[PDB]
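First, one chain by itself in structure tokens, the form deposited in one PDB entry.
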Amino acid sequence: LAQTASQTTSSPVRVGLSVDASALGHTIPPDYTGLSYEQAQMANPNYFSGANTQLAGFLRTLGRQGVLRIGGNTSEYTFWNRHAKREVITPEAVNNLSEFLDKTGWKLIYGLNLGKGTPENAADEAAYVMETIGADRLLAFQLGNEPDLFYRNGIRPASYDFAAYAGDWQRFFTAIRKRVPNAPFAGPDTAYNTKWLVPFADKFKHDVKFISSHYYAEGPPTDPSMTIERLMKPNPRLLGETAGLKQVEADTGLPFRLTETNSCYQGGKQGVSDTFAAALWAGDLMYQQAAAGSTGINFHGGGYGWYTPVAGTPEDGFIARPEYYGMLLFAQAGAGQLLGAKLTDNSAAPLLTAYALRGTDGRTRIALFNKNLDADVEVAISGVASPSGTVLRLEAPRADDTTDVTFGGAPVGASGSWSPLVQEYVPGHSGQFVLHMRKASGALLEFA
């Protein structure tokens, strides 16, 4: 830990941030964080394996609790075979996934093949997963990924609608529950919509534990193309879909989890998804959705995909990509209850976001994302009474950098190793604090 003088900017937008400890928001659960991977990865039993110490380390750094979701479009192409040693999942791969979950302490959401597989094979796969992973670590099975898009791959004919999917879902559910009477489910594993997710919740609310939603900041290929500038801005589709999920929860009692998300779909967009801007986007998204009452999040990744939080292979090793650093800020903040944090005088720095948290350890934290690409900010923080605040900064020299990303003055190292190397106090005077932030940067404040 090197002592760093309090950072200042030259011509910052001067904004106010007022924390209100009486303005109680949602309590972030300890297993809020998570990752999503393609089910095809289970064709390689070395990937989710107790031998894959590197990857397990990266997950542990993201959270002592969290959820690993395995699914995606490859779940319609991935077939369980009890009889084995298009992709195939073997008992070995399931065995090894159990050891991986033990090393990480994360829980599992596990996709079953409703698009092309049989109910009986899903039941057999579910039975083996329940046998080996066990009820404590298995959070939910999911019956197909994005069934509303089955038609775009010819997985279903263009006529496939909710009524056809409900029939499928029920056939699979019934078969699985004969083999696994305690099998938990979530669904429908797609983006919020009125023709699929709403009726799914109404029909199957007694049969699922939670609603599973997807979200990509990139819209349809028709909507304006995704850029860093757009990724930093509010997404009205997100706000609307989230409100939809909250109304489903009110109507059905089902909580929601964002079980597949990233900046751009289909592996991501080079020069957006693989950049420091994705750290700012992802960290801010985690808090935005937590403040909206989501139970958690799973950022999609794998391989060396543009959007993957963690890149690499067991043979070559794994590294933290820029987006991982946004998740790391959330991890270091820890869980607790969100508080009111109102920004003022901020029209000239409108993409700055801030979240205040009463941590489970009783300390106040504030996560700030200065997503303004061209405005530094100077934040006058009121409503916090503390003798000492420290800041850990989330930084890169340019918003589009693919590397050079640090948090707390350090990169993440091998196997998820991270500790802060720069100590910076937040200047305090008259019961207030003043924090400078560069354009396109993040900060985590912790008050004693």
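From 1 onward, residues are counted along the sequence shown. Rigid core: the largest C-alpha set superposing within 1.5 Å between the two forms.
As for the form deposited with a small molecule bound, it is not shown, yet the points below apply to it.
Asks: Does at least one non-hydrogen atom of residue 389 fall within 4.5 angstroms of the small molecule in the deposited complex?
Replies: Contact check for residue 389: yes, within 4.5 Å of the small molecule in the deposited complex.
Asks: Can you check whether residue 65 is within 4.5 Å of the small molecule in the deposited complex, heavy atom basis?
Replies: The answer is no: residue 65 has no heavy atom within 4.5 Å of the small molecule.
Asks: So, residue 419 and the small molecule: in the deposited complex, are they within 4.5 Å at any heavy atom pair?
Replies: Contact check for residue 419: no, nothing within 4.5 Å of the small molecule in the deposited complex.
Asks: Test of understanding: in the deposited complex, would residue 423 fall inside 4.5 Å of the small molecule by heavy atoms?
Replies: Residue 423: contacts the small molecule in the deposited complex.
Asks: Specify the contacting stretch among 56-64, 24-32, 381-389, 397-405, defined as having any heavy atom within 4.5 Å of the small molecule in the deposited complex.
Replies: Comparing against the small molecule in the deposited complex, the contact stretch is 381-389.
Asks: After the core is superposed, which of these residues, 219, 303, 350, 105, moves its CA 2 Å or more between the shown form and the other one?
Replies: Result of the superposition: 219 is the only one at 2 Å or more.
Asks: For residue 193, is the C-alpha shift between the shown form and the other one 2 Å or more after core superposition?
Replies: The answer is yes, as the C-alpha of residue 193 shifts between the shown form and the other one by 2 Å or more after core alignment.
Asks: Once you overlay the rigid core, does the Cα of residue 236 travel 2 Å or further between the shown form and the other one?
Replies: It does shift by 2 Å or more.
Asks: Comparing between the shown form and the other one on the rigid core, is the C-alpha shift at residue 153 2 Å or larger?
Replies: Shift of 2 Å or more: yes.
Asks: Note whether the distance between the C-alpha atoms of residue 436 and residue 427 decreases (closer) or increases (farther) in the deposited complex, against the displayed form; the change is 3 Å or more.
Replies: Here the pair is closer than in the deposited complex; there, farther apart.
Asks: So the C-alpha spacing of residue 303 and residue 221 changes by 3 Å or more in the deposited complex; is that change toward closer or farther than shown?
Replies: Their C-alpha distance shrinks by at least 3 Å in the deposited complex.
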